[PDB]
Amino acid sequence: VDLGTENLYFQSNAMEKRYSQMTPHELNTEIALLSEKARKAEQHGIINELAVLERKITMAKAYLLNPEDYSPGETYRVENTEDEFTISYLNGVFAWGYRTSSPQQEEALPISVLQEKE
């Protein structure tokens, strides 16, 4: 068993544990540092790395938000897409629900990507 293929499960859990204990100021500092590294990756076209950093930023941003500001049963726009996502329930910093374009698939998205409808 090459459990190393699951490297990101352990990295992800460590990140979430770390962010869950941060103050808002610490999260803002983390996001600023990640954003500066992302800017550098973007300016050099290092796409893979830019994507890794942006996924971390999206997660850090979810820890700054308040899960109670999101409502089960409400439908939101998924940031940077033309999709709509209806929330089934919240757990941690994620909203479990489904996209109106794939209503047979329950799935989870960080609350930071849910935008109130316009």
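We number the residues from 1 along the sequence you see.
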Task: Mean temperature factor over C-alpha atoms, higher-scoring stretch between 85-93 and 67-75 - done: 67-75
TODO: Going by the average Cα B-factor in the PDB entry, point out whether 25-33 or 38-46 comes out higher.
DONE: 38-46
Open item on the list: Checking the record values for 105, 20, 11, 100, which has the greatest CA B factor?
Closed with: 20
Task: For residue 7, the third of its chain into which the C-alpha B factor falls - done: middle
